[PDB]
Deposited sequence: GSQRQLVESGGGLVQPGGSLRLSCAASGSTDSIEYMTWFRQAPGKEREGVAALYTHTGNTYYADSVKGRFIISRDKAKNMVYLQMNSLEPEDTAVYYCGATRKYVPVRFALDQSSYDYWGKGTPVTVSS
């Protein structure tokens, strides 16, 4: 079981911090209307961060083992970032088809 919080309304250029609460493997995906669930950021626990091209060093994915949490620090947000956000070759590691369980997702609207 993974639960996400943090979603809200942001303006272009604002910031947002998404959380994830757990109960083996950590990644963030997003899905906007008319588009397919796109990977955003991965964290390999057993060492490492990987990111999609569409997040030009705007996003940071930290972790907290003690609290069993993973975060996504979203900076300099753009309308194109509006989506619901959801909680292995290092080449096929930002790919939907690679993860057992997802969270229900937390919506993010970036709108002027």
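Enquirer: What gaps appear when the modelled C-alpha atoms are mapped onto the deposited sequence?
Expert: Going by the record, the segments left unmodelled (no C-alpha atoms) fall at 1-4, 28-31, 34-35, 58, 99-104.
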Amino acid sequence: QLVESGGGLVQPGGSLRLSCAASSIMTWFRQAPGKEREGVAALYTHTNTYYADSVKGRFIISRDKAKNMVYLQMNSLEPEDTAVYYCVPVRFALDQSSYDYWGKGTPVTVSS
From here on, numbers count along this sequence of modelled residues.
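Enquirer: Averaged over C-alpha atoms, is the B-factor higher for 95-103 or for 13-21 in this PDB entry?
Expert: Result of the comparison: 95-103.
Enquirer: Higher mean Cα B-factor in the deposited model: 35-43 or 64-72?
Expert: Comparing averages over the C-alpha atoms only gives 64-72.
Enquirer: Quick check on the deposited entry: does the C-alpha B-factor of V84 sit in the lowest, middle or highest third of its chain?
Expert: According to the entry, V84 has a C-alpha B-factor in the chain's lowest third.
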